[PDB]
Amino acid sequence: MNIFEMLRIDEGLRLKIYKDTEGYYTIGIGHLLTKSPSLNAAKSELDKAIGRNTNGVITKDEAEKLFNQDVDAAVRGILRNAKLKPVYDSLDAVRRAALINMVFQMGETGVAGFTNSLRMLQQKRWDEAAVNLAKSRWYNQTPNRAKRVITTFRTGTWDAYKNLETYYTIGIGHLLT
């Protein structure tokens, strides 16, 4: 249930620029284009990312590439950050995934801002950490997503991603039988 597949589920895949009802211009796998309202500005960022004139549309491969770069930036950020490192080092592979997910979502600066929750995680105070992180804006604004991540922190398993992966691949047809 690697990070790649974990974020894959979380972010989903969209080949065409989009923006949630209350979201920003995004594309592919949770790839944020800009906080600007103009479609143009988003497209610009995109082309800039793709290397061609996209007209707000990319291929699966393109998405892939972007995803990797995004995951790589997340990982990198965590490793070079004195606050995330120590924590990252202490986590199991599952939880490390949880942290990479937060970083991918809100950035290393933002994540590094979780002083207490971070310490708890480093102390293996799973529950405490879950309780704490539960009162964040992150959790507040992306409850569902955050719930899954947090859940991964307290258990250190993929339980929260259980029927999702099944669902996504050979799902809903087999899911019911």
# chains A, B, ... in the order shown; residues from 1 in each chain; ligands from 1

$ residues_around --residues "residue 118 of chain A" --least-positions-apart "5" --cutoff "9 Å" --atoms "only C-alpha atoms" --output "MDAnalysis selection string"
chainID A and resid 83:84 87 111:113 123 129

$ closest_atom_pairs --of "segment 53-158 of chain A" --to "segment 13-31 of chain A" --cutoff "9 Å" --atoms "only C-alpha atoms" --output "CSV"
residue,atom,partner,partner_atom,distance
A:55,CA,A:17,CA,8.9
A:56,CA,A:17,CA,5.1
A:57,CA,A:16,CA,4.5
A:58,CA,A:15,CA,5.2
A:59,CA,A:15,CA,6.2
A:60,CA,A:15,CA,6.7
A:62,CA,A:28,CA,8.1
A:63,CA,A:28,CA,4.8
A:64,CA,A:28,CA,7.8
A:66,CA,A:31,CA,7.4
A:67,CA,A:29,CA,6.0
A:70,CA,A:31,CA,7.6
A:104,CA,A:30,CA,8.9
A:105,CA,A:30,CA,8.1

$ select_by_dssp --residues "chain A" --states "alpha helix (DSSP H)" --output "MDAnalysis selection string"
chainID A and resid 3:11 39:50 60:80 84:90 93:111 115:123 126:133 137:141 143:155 162:168

$ closest_residue --among "A:175, A:71, A:79, A:49" --to "residue 2 of chain A" --atoms "only C-alpha atoms"
A:71

$ select_by_dssp --residues "segment 14-136 of chain A" --states "strand (DSSP E)" --output "list in words"
residues 14, 15, 16, 17, 18, 25, 26, 27, 28, 31, 32, 33 and 34 of chain A

$ residues_around --residues "residue 34 of chain A" --least-positions-apart "2" --cutoff "10 Å" --atoms "only C-alpha atoms" --output "ChimeraX atom specification"
/A:24-26,31-32,36-39,41-46

$ residues_around --residues "residue 137 of chain A" --least-positions-apart "3" --cutoff "12 Å" --atoms "only C-alpha atoms" --output "CSV table (one decimal) with N, CA, C and O atoms, in the first residue's frame"
chain,number,residue,atom,x,y,z
A,106,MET,N,0.2,19.7,2.3
A,106,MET,CA,0.3,21.0,2.8
A,106,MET,C,1.7,21.6,2.7
A,106,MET,O,1.9,22.7,3.2
A,110,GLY,N,4.6,23.9,6.3
A,110,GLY,CA,3.3,23.8,7.0
A,110,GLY,C,3.4,22.6,7.9
A,110,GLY,O,3.1,22.7,9.1
A,111,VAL,N,3.8,21.5,7.4
A,111,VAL,CA,3.9,20.3,8.2
A,111,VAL,C,4.8,20.4,9.4
A,111,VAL,O,4.5,20.0,10.5
A,114,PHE,N,3.8,21.6,12.9
A,114,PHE,CA,3.1,20.8,13.8
A,114,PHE,C,4.0,20.3,15.0
A,114,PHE,O,4.2,19.1,15.2
A,132,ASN,N,-4.3,15.3,18.8
A,132,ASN,CA,-3.8,16.7,18.6
A,132,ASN,C,-4.0,17.1,17.1
A,132,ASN,O,-4.6,18.2,16.9
A,133,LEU,N,-3.6,16.3,16.2
A,133,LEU,CA,-3.7,16.6,14.8
A,133,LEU,C,-5.2,16.7,14.4
A,133,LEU,O,-5.5,17.4,13.3
A,134,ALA,N,-6.1,16.2,15.2
A,134,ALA,CA,-7.5,16.2,14.9
A,134,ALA,C,-8.1,17.6,15.1
A,134,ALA,O,-9.2,17.9,14.7
A,140,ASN,N,-9.8,20.0,9.7
A,140,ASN,CA,-11.1,20.7,9.6
A,140,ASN,C,-11.5,20.9,8.2
A,140,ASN,O,-12.7,20.8,7.8
A,141,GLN,N,-10.6,21.3,7.3
A,141,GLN,CA,-10.9,21.5,5.9
A,141,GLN,C,-10.9,20.3,5.0
A,141,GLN,O,-11.6,20.3,4.0
A,142,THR,N,-10.2,19.3,5.4
A,142,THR,CA,-10.2,18.0,4.7
A,142,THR,C,-10.3,16.8,5.6
A,142,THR,O,-9.5,15.9,5.7
A,143,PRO,N,-11.4,16.9,6.3
A,143,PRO,CA,-11.8,15.9,7.3
A,143,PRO,C,-11.6,14.5,6.8
A,143,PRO,O,-10.9,13.7,7.5
A,146,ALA,N,-7.9,13.8,6.0
A,146,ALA,CA,-7.2,13.8,7.3
A,146,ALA,C,-7.5,12.6,8.2
A,146,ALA,O,-6.7,12.1,8.8

$ atom_distance --atom1 "atom CA of residue 127 of chain A" --atom2 "atom CA of residue 11 of chain A"
25.3 Å

$ atom_distance --atom1 "atom CA of residue 86 of chain A" --atom2 "atom CA of residue 119 of chain A"
9.3 Å

$ residues_around --residues "residue 10 of chain A" --least-positions-apart "3" --cutoff "8 Å" --atoms "only C-alpha atoms" --output "NGL selection string"
:A and (6-7 or 145)

$ write_last_selection --atoms "N, CA, C and O atoms" --output "mmCIF file, in the first residue's frame"
data_model
loop_
_atom_site.group_PDB
_atom_site.id
_atom_site.type_symbol
_atom_site.label_atom_id
_atom_site.label_comp_id
_atom_site.auth_asym_id
_atom_site.auth_seq_id
_atom_site.Cartn_x
_atom_site.Cartn_y
_atom_site.Cartn_z
ATOM 1 N N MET A 6 -1.138 5.190 -2.110
ATOM 2 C CA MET A 6 -1.902 5.830 -1.053
ATOM 3 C C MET A 6 -2.354 7.211 -1.451
ATOM 4 O O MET A 6 -3.508 7.588 -1.272
ATOM 5 N N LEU A 7 -1.420 7.971 -2.000
ATOM 6 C CA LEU A 7 -1.719 9.307 -2.465
ATOM 7 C C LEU A 7 -2.559 9.226 -3.723
ATOM 8 O O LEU A 7 -3.392 10.078 -3.992
ATOM 9 N N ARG A 145 -9.955 13.168 4.215
ATOM 10 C CA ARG A 145 -8.571 12.892 3.906
ATOM 11 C C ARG A 145 -7.755 12.772 5.174
ATOM 12 O O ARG A 145 -7.030 11.798 5.389
#

$ decode --residues "segment 55-173 of chain A" --atoms "C-alpha atoms" --output "short mmCIF file (atom, residue, chain, number, x, y, z; two decimals), in the first residue's frame"
data_model
loop_
_atom_site.label_atom_id
_atom_site.label_comp_id
_atom_site.auth_asym_id
_atom_site.auth_seq_id
_atom_site.Cartn_x
_atom_site.Cartn_y
_atom_site.Cartn_z
CA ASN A 55 -4.76 23.75 -23.25
CA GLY A 56 -5.50 22.35 -19.79
CA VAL A 57 -5.07 18.69 -20.71
CA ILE A 58 -2.38 16.10 -20.14
CA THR A 59 -1.74 12.49 -20.75
CA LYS A 60 -1.66 9.73 -18.19
CA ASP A 61 2.11 9.62 -18.53
CA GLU A 62 2.34 13.36 -17.98
CA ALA A 63 0.32 13.02 -14.85
CA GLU A 64 2.66 10.23 -13.77
CA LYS A 65 5.73 12.33 -14.21
CA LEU A 66 4.22 15.19 -12.28
CA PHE A 67 3.20 12.86 -9.52
CA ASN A 68 6.67 11.48 -9.15
CA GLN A 69 8.17 14.97 -9.06
CA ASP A 70 5.62 15.93 -6.46
CA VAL A 71 6.31 12.90 -4.30
CA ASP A 72 10.03 13.45 -4.71
CA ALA A 73 9.70 17.04 -3.56
CA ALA A 74 7.71 15.92 -0.58
CA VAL A 75 10.24 13.28 0.42
CA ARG A 76 13.11 15.64 -0.18
CA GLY A 77 11.53 18.38 1.90
CA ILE A 78 11.06 15.94 4.79
CA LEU A 79 14.70 14.73 4.63
CA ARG A 80 16.30 18.17 4.55
CA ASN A 81 14.09 19.56 7.30
CA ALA A 82 15.53 19.30 10.80
CA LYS A 83 12.02 19.08 12.28
CA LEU A 84 10.63 16.43 9.96
CA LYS A 85 13.77 14.37 9.65
CA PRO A 86 14.11 13.21 13.24
CA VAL A 87 10.45 12.28 13.13
CA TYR A 88 10.60 10.58 9.76
CA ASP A 89 13.55 8.53 10.98
CA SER A 90 11.62 7.25 13.97
CA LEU A 91 8.53 6.18 12.03
CA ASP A 92 7.73 2.77 10.60
CA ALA A 93 7.21 2.48 6.84
CA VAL A 94 3.44 2.86 7.08
CA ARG A 95 3.50 5.99 9.20
CA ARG A 96 6.33 7.48 7.19
CA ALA A 97 3.82 7.26 4.40
CA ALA A 98 1.31 9.13 6.49
CA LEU A 99 3.79 11.97 6.99
CA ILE A 100 4.81 12.06 3.32
CA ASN A 101 1.10 12.40 2.55
CA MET A 102 0.73 15.42 4.80
CA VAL A 103 3.83 16.96 3.29
CA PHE A 104 2.54 16.33 -0.21
CA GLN A 105 -0.72 17.94 0.78
CA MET A 106 0.31 21.01 2.77
CA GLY A 107 4.03 21.44 2.18
CA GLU A 108 7.05 20.84 4.38
CA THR A 109 6.89 24.30 5.91
CA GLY A 110 3.33 23.78 6.98
CA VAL A 111 3.85 20.27 8.21
CA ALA A 112 6.98 21.26 10.09
CA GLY A 113 4.71 23.67 11.92
CA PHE A 114 3.10 20.78 13.84
CA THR A 115 5.56 21.04 16.78
CA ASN A 116 3.62 19.04 19.41
CA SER A 117 2.00 16.52 17.12
CA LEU A 118 5.42 15.98 15.59
CA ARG A 119 7.04 15.26 18.94
CA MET A 120 4.34 12.81 19.88
CA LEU A 121 4.87 11.00 16.61
CA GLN A 122 8.56 10.82 17.40
CA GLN A 123 7.72 9.44 20.80
CA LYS A 124 5.30 6.94 19.30
CA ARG A 125 2.43 8.59 21.13
CA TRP A 126 0.10 7.56 18.35
CA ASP A 127 -3.17 8.32 20.08
CA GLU A 128 -2.01 11.58 21.53
CA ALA A 129 -0.75 12.54 18.11
CA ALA A 130 -4.06 11.62 16.54
CA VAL A 131 -5.99 13.66 19.05
CA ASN A 132 -3.77 16.65 18.56
CA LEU A 133 -3.73 16.58 14.76
CA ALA A 134 -7.50 16.25 14.95
CA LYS A 135 -7.87 19.84 16.03
CA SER A 136 -6.07 21.32 13.05
CA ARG A 137 -7.42 23.37 10.18
CA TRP A 138 -6.15 20.66 7.88
CA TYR A 139 -8.37 18.11 9.56
CA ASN A 140 -11.10 20.69 9.62
CA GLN A 141 -10.88 21.53 5.95
CA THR A 142 -10.18 18.01 4.65
CA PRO A 143 -11.80 15.87 7.31
CA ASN A 144 -12.12 12.79 5.19
CA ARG A 145 -8.57 12.89 3.91
CA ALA A 146 -7.18 13.82 7.27
CA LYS A 147 -9.20 11.13 8.95
CA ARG A 148 -7.54 8.50 6.77
CA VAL A 149 -4.06 9.86 7.39
CA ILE A 150 -4.54 10.19 11.07
CA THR A 151 -5.97 6.76 11.22
CA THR A 152 -2.79 5.48 9.63
CA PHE A 153 -0.80 7.21 12.33
CA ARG A 154 -2.57 5.59 15.25
CA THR A 155 -2.72 2.08 13.82
CA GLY A 156 0.26 1.97 11.53
CA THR A 157 -1.62 -0.15 9.03
CA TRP A 158 -3.49 0.45 5.80
CA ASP A 159 -6.93 -0.30 7.24
CA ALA A 160 -8.20 3.15 6.24
CA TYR A 161 -7.35 2.39 2.63
CA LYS A 162 -8.84 -1.06 2.76
CA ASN A 163 -11.89 -1.09 0.51
CA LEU A 164 -10.67 1.93 -1.48
CA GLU A 165 -7.84 0.10 -3.24
CA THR A 166 -10.11 -2.86 -3.88
CA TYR A 167 -12.77 -0.51 -5.02
CA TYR A 168 -10.52 1.40 -7.34
CA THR A 169 -9.11 -1.73 -8.95
CA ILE A 170 -11.54 -4.57 -9.57
CA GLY A 171 -14.07 -2.76 -7.49
CA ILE A 172 -17.85 -2.28 -7.55
CA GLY A 173 -18.96 -5.47 -9.24
#
